[PDB]
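Next up, query.csv (CSV, N, CA and C atoms):
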chain,number,residue,atom,x,y,z
D,1,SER,N,-2.0,-25.1,2.9
D,1,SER,CA,-1.0,-24.0,2.7
D,1,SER,C,-1.6,-23.0,1.8
D,2,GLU,N,-2.9,-23.1,1.5
D,2,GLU,CA,-3.5,-22.2,0.5
D,2,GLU,C,-4.2,-21.0,1.1
D,3,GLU,N,-4.2,-20.9,2.5
D,3,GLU,CA,-4.9,-19.8,3.1
D,3,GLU,C,-4.3,-18.5,2.7
D,4,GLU,N,-3.0,-18.4,2.6
D,4,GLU,CA,-2.3,-17.2,2.3
D,4,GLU,C,-2.7,-16.8,0.8
D,5,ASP,N,-3.0,-17.8,0.0
D,5,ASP,CA,-3.4,-17.5,-1.4
D,5,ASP,C,-4.9,-17.5,-1.6
D,6,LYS,N,-5.6,-17.7,-0.5
D,6,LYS,CA,-7.1,-17.8,-0.6
D,6,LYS,C,-7.7,-16.5,-0.3
D,7,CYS,N,-6.9,-15.5,0.2
D,7,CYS,CA,-7.4,-14.2,0.5
D,7,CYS,C,-8.0,-13.5,-0.8
D,8,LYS,N,-9.2,-13.1,-0.7
D,8,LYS,CA,-9.9,-12.6,-1.9
D,8,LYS,C,-9.2,-11.4,-2.5
D,9,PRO,N,-9.4,-11.3,-3.8
D,9,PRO,CA,-8.7,-10.2,-4.6
D,9,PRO,C,-9.2,-8.8,-4.3
D,10,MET,N,-8.3,-7.9,-4.2
D,10,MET,CA,-8.7,-6.5,-3.9
D,10,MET,C,-9.3,-5.8,-5.1
D,11,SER,N,-10.6,-5.5,-5.0
D,11,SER,CA,-11.4,-4.9,-6.2
D,11,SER,C,-10.8,-3.5,-6.5
D,12,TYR,N,-11.3,-3.0,-7.7
D,12,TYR,CA,-10.9,-1.7,-8.1
D,12,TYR,C,-11.1,-0.6,-7.0
D,13,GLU,N,-12.4,-0.5,-6.6
D,13,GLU,CA,-12.8,0.5,-5.6
D,13,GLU,C,-12.0,0.3,-4.3
D,14,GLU,N,-11.5,-0.9,-4.1
D,14,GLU,CA,-10.8,-1.3,-2.9
D,14,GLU,C,-9.3,-0.8,-3.1
D,15,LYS,N,-8.7,-1.2,-4.2
D,15,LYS,CA,-7.4,-0.8,-4.6
D,15,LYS,C,-7.2,0.7,-4.6
D,16,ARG,N,-8.2,1.4,-5.2
D,16,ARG,CA,-8.1,2.9,-5.1
D,16,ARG,C,-8.1,3.4,-3.7
D,17,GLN,N,-9.0,2.8,-2.9
D,17,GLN,CA,-9.1,3.3,-1.5
D,17,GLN,C,-7.8,2.9,-0.8
D,18,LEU,N,-7.3,1.7,-1.1
D,18,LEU,CA,-6.1,1.2,-0.5
D,18,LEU,C,-4.9,2.1,-0.7
D,19,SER,N,-4.7,2.5,-2.0
D,19,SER,CA,-3.6,3.4,-2.3
D,19,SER,C,-3.8,4.7,-1.5
D,20,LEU,N,-5.1,5.0,-1.2
D,20,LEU,CA,-5.4,6.2,-0.4
D,20,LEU,C,-5.2,5.9,1.1
D,21,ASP,N,-5.7,4.8,1.6
D,21,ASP,CA,-5.5,4.5,3.0
D,21,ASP,C,-4.0,4.4,3.4
D,22,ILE,N,-3.2,3.9,2.4
D,22,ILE,CA,-1.8,3.8,2.5
D,22,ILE,C,-1.2,5.2,2.5
D,23,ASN,N,-1.7,6.1,1.7
D,23,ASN,CA,-1.1,7.5,1.6
D,23,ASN,C,-1.5,8.3,2.7
D,24,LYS,N,-2.5,7.9,3.5
D,24,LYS,CA,-2.9,8.5,4.7
D,24,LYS,C,-1.9,8.4,5.8
D,25,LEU,N,-1.2,7.2,5.8
D,25,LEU,CA,-0.1,7.0,6.7
D,25,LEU,C,1.0,8.0,6.7
D,26,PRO,N,1.6,8.3,7.9
D,26,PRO,CA,2.8,9.1,7.9
D,26,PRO,C,3.9,8.4,7.2
D,27,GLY,N,4.9,9.2,6.7
D,27,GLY,CA,6.0,8.7,5.9
D,27,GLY,C,6.6,7.4,6.3
D,28,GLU,N,6.8,7.3,7.6
D,28,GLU,CA,7.4,6.1,8.3
D,28,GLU,C,6.6,4.9,8.0
D,29,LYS,N,5.3,5.0,8.0
D,29,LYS,CA,4.4,3.9,7.8
D,29,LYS,C,4.2,3.4,6.4
D,30,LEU,N,4.5,4.3,5.4
D,30,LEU,CA,4.5,3.9,4.0
D,30,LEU,C,5.8,3.1,3.8
D,31,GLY,N,6.7,3.2,4.8
D,31,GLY,CA,7.9,2.4,4.7
D,31,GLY,C,7.6,0.9,4.9
D,32,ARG,N,6.5,0.6,5.5
D,32,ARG,CA,6.1,-0.7,5.7
D,32,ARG,C,5.5,-1.3,4.5
D,33,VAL,N,4.5,-0.6,3.8
D,33,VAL,CA,3.9,-1.1,2.6
D,33,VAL,C,4.9,-1.3,1.5
D,34,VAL,N,5.8,-0.4,1.3
D,34,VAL,CA,6.9,-0.5,0.3
D,34,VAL,C,7.6,-1.8,0.7
D,35,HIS,N,7.9,-2.0,1.9
D,35,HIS,CA,8.6,-3.2,2.4
D,35,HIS,C,7.8,-4.5,2.1
D,36,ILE,N,6.5,-4.4,2.3
D,36,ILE,CA,5.6,-5.5,2.0
D,36,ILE,C,5.6,-5.7,0.5
D,37,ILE,N,5.2,-4.7,-0.3
D,37,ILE,CA,5.1,-4.8,-1.7
D,37,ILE,C,6.5,-5.3,-2.3
D,38,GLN,N,7.6,-4.6,-2.0
D,38,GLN,CA,8.9,-5.0,-2.5
D,38,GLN,C,9.2,-6.4,-2.3
D,39,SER,N,8.9,-6.9,-1.1
D,39,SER,CA,9.2,-8.3,-0.7
D,39,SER,C,8.3,-9.3,-1.5
D,40,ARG,N,7.0,-9.0,-1.5
D,40,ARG,CA,6.0,-9.8,-2.1
D,40,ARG,C,6.1,-9.7,-3.7
D,41,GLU,N,6.6,-8.6,-4.1
D,41,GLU,CA,6.8,-8.4,-5.6
D,41,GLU,C,8.2,-8.2,-5.9
D,42,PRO,N,9.0,-9.3,-6.2
D,42,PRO,CA,10.4,-9.2,-6.5
D,42,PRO,C,10.7,-8.4,-7.8
D,43,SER,N,9.7,-7.9,-8.4
D,43,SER,CA,9.8,-7.2,-9.7
D,43,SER,C,10.1,-5.7,-9.5
D,44,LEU,N,9.9,-5.2,-8.3
D,44,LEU,CA,10.0,-3.7,-8.0
D,44,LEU,C,11.0,-3.4,-6.8
D,45,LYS,N,11.9,-4.3,-6.6
D,45,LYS,CA,12.9,-4.1,-5.5
D,45,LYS,C,14.0,-3.1,-5.9
D,46,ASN,N,13.9,-2.7,-7.2
D,46,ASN,CA,14.8,-1.7,-7.7
D,46,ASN,C,14.4,-0.3,-7.2
D,47,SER,N,13.1,-0.2,-7.0
D,47,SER,CA,12.5,1.1,-6.5
D,47,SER,C,13.0,1.3,-5.0
D,48,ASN,N,13.7,2.4,-4.8
D,48,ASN,CA,14.2,2.7,-3.5
D,48,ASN,C,13.1,3.4,-2.6
D,49,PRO,N,13.0,3.0,-1.4
D,49,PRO,CA,11.8,3.4,-0.6
D,49,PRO,C,11.6,5.0,-0.6
D,50,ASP,N,12.7,5.7,-0.6
D,50,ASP,CA,12.6,7.2,-0.6
D,50,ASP,C,12.1,7.7,-1.9
D,51,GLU,N,12.2,6.9,-2.9
D,51,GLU,CA,11.8,7.2,-4.3
D,51,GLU,C,10.9,6.2,-4.8
D,52,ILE,N,10.2,5.5,-4.0
D,52,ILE,CA,9.3,4.3,-4.3
D,52,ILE,C,8.3,4.7,-5.3
D,53,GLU,N,8.0,3.7,-6.2
D,53,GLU,CA,6.8,3.9,-7.1
D,53,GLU,C,6.1,2.5,-7.2
D,54,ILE,N,5.1,2.3,-6.4
D,54,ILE,CA,4.4,1.1,-6.3
D,54,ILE,C,3.2,1.0,-7.4
D,55,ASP,N,3.1,-0.1,-8.1
D,55,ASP,CA,2.0,-0.3,-9.0
D,55,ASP,C,1.0,-1.2,-8.5
D,56,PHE,N,-0.1,-0.7,-8.1
D,56,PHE,CA,-1.2,-1.4,-7.4
D,56,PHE,C,-1.8,-2.4,-8.4
D,57,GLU,N,-1.5,-2.3,-9.6
D,57,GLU,CA,-2.1,-3.2,-10.6
D,57,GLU,C,-1.2,-4.3,-10.9
D,58,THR,N,0.0,-4.3,-10.3
D,58,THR,CA,0.9,-5.4,-10.5
D,58,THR,C,1.0,-6.3,-9.3
D,59,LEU,N,0.6,-5.7,-8.2
D,59,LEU,CA,0.7,-6.5,-6.9
D,59,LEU,C,-0.3,-7.7,-6.9
D,60,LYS,N,0.2,-8.8,-6.4
D,60,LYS,CA,-0.6,-9.9,-6.2
D,60,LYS,C,-1.6,-9.8,-5.1
D,61,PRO,N,-2.9,-10.3,-5.2
D,61,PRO,CA,-3.9,-10.2,-4.1
D,61,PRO,C,-3.4,-10.2,-2.7
D,62,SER,N,-2.5,-11.1,-2.4
D,62,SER,CA,-2.0,-11.3,-1.0
D,62,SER,C,-1.3,-10.0,-0.5
D,63,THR,N,-0.5,-9.4,-1.4
D,63,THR,CA,0.2,-8.2,-1.1
D,63,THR,C,-0.8,-7.1,-0.8
D,64,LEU,N,-1.7,-6.9,-1.7
D,64,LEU,CA,-2.7,-5.8,-1.6
D,64,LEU,C,-3.5,-6.0,-0.3
D,65,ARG,N,-3.8,-7.2,0.0
D,65,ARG,CA,-4.6,-7.5,1.3
D,65,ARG,C,-3.7,-7.3,2.5
D,66,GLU,N,-2.4,-7.5,2.4
D,66,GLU,CA,-1.5,-7.3,3.5
D,66,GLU,C,-1.4,-5.8,3.7
D,67,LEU,N,-1.2,-5.1,2.6
D,67,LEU,CA,-1.1,-3.7,2.7
D,67,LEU,C,-2.3,-3.1,3.4
D,68,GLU,N,-3.5,-3.6,3.1
D,68,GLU,CA,-4.7,-3.1,3.6
D,68,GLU,C,-4.8,-3.3,5.1
D,69,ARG,N,-4.9,-4.6,5.5
D,69,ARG,CA,-5.1,-5.0,6.9
D,69,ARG,C,-4.0,-4.3,7.7
D,70,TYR,N,-3.0,-3.9,7.1
D,70,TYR,CA,-1.9,-3.2,7.8
D,70,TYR,C,-2.3,-1.8,8.0
D,71,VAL,N,-2.6,-1.0,6.9
D,71,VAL,CA,-2.9,0.4,7.1
D,71,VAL,C,-4.1,0.6,7.9
D,72,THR,N,-5.1,-0.3,7.6
D,72,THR,CA,-6.3,-0.4,8.4
D,72,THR,C,-6.0,-0.5,9.9
D,73,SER,N,-4.9,-1.2,10.2
D,73,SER,CA,-4.6,-1.4,11.6
D,73,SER,C,-4.0,-0.1,12.2
D,74,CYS,N,-3.4,0.7,11.3
D,74,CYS,CA,-2.8,2.0,11.7
D,74,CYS,C,-3.8,3.1,11.8
D,75,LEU,N,-4.7,3.1,10.7
D,75,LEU,CA,-5.7,4.1,10.6
D,75,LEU,C,-6.9,4.0,11.5
D,76,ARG,N,-7.3,2.7,11.8
D,76,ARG,CA,-8.4,2.5,12.7
D,76,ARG,C,-7.9,2.8,14.2
D,77,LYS,N,-6.6,2.7,14.4
D,77,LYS,CA,-6.1,3.1,15.7
D,77,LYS,C,-6.0,4.6,15.9
D,78,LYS,N,-4.8,5.2,16.0
D,78,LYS,CA,-4.7,6.6,16.2
D,78,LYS,C,-4.1,7.3,15.0
D,79,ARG,N,-4.9,7.6,14.0
D,79,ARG,CA,-4.5,8.3,12.8
D,79,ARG,C,-5.6,8.9,12.0
D,80,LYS,N,-6.2,10.0,12.6
D,80,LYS,CA,-7.1,10.8,12.0
D,80,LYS,C,-7.2,12.2,12.7
D,81,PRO,N,-6.0,12.9,12.7
D,81,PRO,CA,-5.9,14.2,13.4
D,81,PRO,C,-6.4,15.4,12.6
D,82,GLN,N,-6.9,15.1,11.4
D,82,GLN,CA,-7.5,16.2,10.5
D,82,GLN,C,-9.0,16.2,10.6
D,83,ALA,N,-9.6,15.1,10.2
D,83,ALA,CA,-11.1,15.0,10.2
D,83,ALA,C,-11.5,13.6,10.8
K,201,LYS,N,-2.4,6.4,-12.0
K,201,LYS,CA,-3.2,5.8,-10.9
K,201,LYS,C,-2.7,6.1,-9.5
K,202,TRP,N,-1.5,5.5,-9.3
K,202,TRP,CA,-0.9,5.6,-8.0
K,202,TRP,C,0.6,5.6,-8.2
K,203,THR,N,1.0,6.2,-9.3
K,203,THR,CA,2.4,6.3,-9.6
K,203,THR,C,3.2,7.3,-8.8
K,204,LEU,N,4.4,7.7,-9.2
K,204,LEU,CA,5.3,8.6,-8.5
K,204,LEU,C,4.5,9.9,-8.0
K,205,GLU,N,3.6,10.3,-8.8
K,205,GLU,CA,2.8,11.5,-8.4
K,205,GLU,C,2.1,11.3,-7.1
K,206,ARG,N,1.1,10.5,-7.0
K,206,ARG,CA,0.3,10.3,-5.8
K,206,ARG,C,1.2,9.7,-4.7
K,207,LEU,N,1.8,8.5,-5.0
K,207,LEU,CA,2.6,7.8,-3.9
K,207,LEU,C,3.8,8.6,-3.5
K,208,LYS,N,4.7,8.8,-4.4
K,208,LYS,CA,6.0,9.4,-4.0
K,208,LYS,C,5.9,10.8,-3.4
K,209,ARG,N,4.9,11.6,-3.9
K,209,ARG,CA,4.8,12.9,-3.5
K,209,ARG,C,4.0,13.0,-2.2
K,210,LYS,N,3.3,11.9,-1.8
K,210,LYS,CA,2.6,11.8,-0.5
K,210,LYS,C,3.5,11.1,0.5
K,211,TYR,N,4.5,10.4,-0.1
K,211,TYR,CA,5.4,9.6,0.7
K,211,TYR,C,6.6,10.4,1.2
K,212,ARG,N,7.3,11.0,0.2
K,212,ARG,CA,8.5,11.8,0.5
K,212,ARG,C,8.2,13.1,1.1
K,213,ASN,N,7.0,13.6,0.9
K,213,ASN,CA,6.5,14.9,1.4
K,213,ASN,C,5.6,14.6,2.6
Go ahead and render the structure in this file as structure tokens.
Amino acid sequence: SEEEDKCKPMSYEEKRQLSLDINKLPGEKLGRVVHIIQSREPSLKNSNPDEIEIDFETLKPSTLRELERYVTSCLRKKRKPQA
Amino acid sequence: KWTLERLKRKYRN
């Protein structure tokens, strides 16, 4: 049952990019990461999604890696209409 | 880092 906790920790350069990959998403899609973070991090469920403030430095590895593989799934698909 | 400034203002906007 350790696979979920065995996911490697998101490094600084990854975290920074993650907060960026996440912010690349359309508003609706950041509704997912807030949902992930808020659920995985019971410490920030007071933050309302419309006024969310996520702390990438408080998130546990699994959350950060969930956030990533998620946005990565959105961004690698159809989400680059600018560049 | 990724507080209300970056997140919220890229989120709500």
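What separates atom CA of residue 22 of chain D from atom C of residue 2 of chain D is a distance of 25.0 Å.
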I need the contact residues of chain K against chain D, so if you could list those with any atom within 6.5 Å, counting only N, CA and C atoms, and return them as a list in words, that would help.
residues 202, 203, 204, 207, 208, 210, 211 and 212 of chain K
Using the file's own x, y and z axes, so that the box edges lie along x, y and z, what centre and edge lengths in Å (one decimal) does a box around every listed atom of segment 26-44 of chain D get when 4 Å is added on each side? Give it as AutoDock Vina command-line options.
--center_x 6.3 --center_y -0.3 --center_z -0.7 --size_x 17.4 --size_y 27.0 --size_z 26.0
Give me every helix (DSSP H, G or I) residue in chain K, going by DSSP on the backbone, as a PyMOL selection string.
chain K and resi 206-211
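Neighbouring residues of segment 61-78 of chain D at 7 Å or closer, counting only N, CA and C atoms and skipping chain neighbours under 2 positions away, are residues 4, 5, 7, 8, 9, 10, 18, 21, 22, 33, 36, 37, 40, 58, 59, 80 and 81 of chain D.
With atom CA of residue 35 of chain D on one side and atom CA of residue 82 of chain D on the other, the separation reads 26.5 Å.
Note that the spacing between atom CA of residue 48 of chain D and atom CA of residue 209 of chain K amounts to 13.9 Å.
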